[PDB]
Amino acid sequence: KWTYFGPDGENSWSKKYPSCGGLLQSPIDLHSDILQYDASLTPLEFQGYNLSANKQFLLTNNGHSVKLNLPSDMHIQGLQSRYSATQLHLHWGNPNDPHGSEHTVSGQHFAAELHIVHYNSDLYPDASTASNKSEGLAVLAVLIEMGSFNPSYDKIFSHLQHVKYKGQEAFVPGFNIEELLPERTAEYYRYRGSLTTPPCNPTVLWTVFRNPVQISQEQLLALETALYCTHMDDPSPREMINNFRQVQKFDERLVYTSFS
C-alpha cells in the first residue's frame, strides 16, 4: 500500500520501493536553465489511436487514479523501438487547489496532467514485464489548463460515475485518442525518468508536449470529486485527490527540446 498523504506518502515510498530513492526520478520542473535543443527530436507518429466508437475499452479505479486500458495495436513510431500502448490515466489537485499536474513549467503547476503509457513491444510481451527493464516504457504527458469544456476529455469524464470506488470498472466507447493531444505535438520536451508512482522504476522515456489542452472548471470539479482511493465498503474512505508527486532532483540530467 502507498498514498500521496501522510505516513505512507511519497517521502515514505523508498522504505518499500527502493527505486523511489534512486536516480532519474520524475517528475521535474521544466525551466530554461536545463533545456537543450536537439535536432534528432523528430515528430512522433500516433498509429491506431483512432479507436472505434463501436468498440468498448475498460475504465478502472485502481485506488490511485482512473485508468482506461488501451489495445497494444495502438502505438508510437519515432522512437528507437516500437512502443505499444497499455493504458492512460490522469493526475489532479482538489476543489480548493486545482493545480495537480506532475511536471511544472517554471515552478507553476497546471490544473492536471494526462499520461499515455506505452511499453517496448520489441523487447517485452507486456507493460508489467517491461516495467523494471531497460528501455521498458515511454509515456506521453499532456499538461491540462482550466479553460473551455473539452468534449473529447468528457468521453472519459462522463463515466467517472461508474468507477467511484477502488476496483470498479466500466466499459467506455472507443474514440480518437489523438483528440486528447494538444496542438503541435512536434513541439515537446524529452528526458530519461521513472514511474511517478511506486515502484518508481527509472525505465521511462518521458515526452511532455509543449502546449497544454483545456478542460473546464466543471470537468475538473467532477474529476476532483468523483473518485475514492478506497473500496466502496472501506470504513476509512480516502477521497482520490492531490494524486501528484513533487518535482524531483535533476541528477545531472538535461531536458532535450524539439524547439528553441
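From 1 onward, residues are counted along the sequence shown. The term rigid core refers to the maximal set of C-alpha atoms that superpose within 1.5 Å between the two forms.
The segment moving more, judged by mean Cα distance from this form in 9 other deposited structures of this protein after a core overlay, is 234 to 242 among 234 to 242 and 21 to 29. The higher RMS C-alpha distance to the shown form in 9 other deposited structures of this protein, out of 49 to 57 and 193 to 201, belongs to 49 to 57, with every structure fitted on the core. Higher mean CA temperature factor between 75 to 83 and 116 to 124: 75 to 83, per the PDB entry. For the pair 140 to 148 and 169 to 177, the record assigns the higher mean C-alpha temperature factor to 169 to 177. Of the candidates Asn54, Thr230, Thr197, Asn62, the deposited coordinates give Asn54 the top C-alpha B factor.
Across the options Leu44, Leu30, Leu58, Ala222, the residue with the most elevated CA B-factor in the record is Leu44. Among the modelled residues of its chain, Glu102 has a C-alpha B-factor that falls in the lowest third, as given in the PDB entry. Annotation for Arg184: C-alpha temperature factor in the highest third relative to the rest of the modelled chain, per the entry. For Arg245, the recorded CA B-factor ranks within the lowest third of the chain. Only modelled residues enter the ranking. Split the chain's modelled residues into thirds by C-alpha temperature factor. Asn132 is in the highest one.
Among the modelled residues of the chain, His91 sits in the lowest third by CA temperature factor in this PDB entry.
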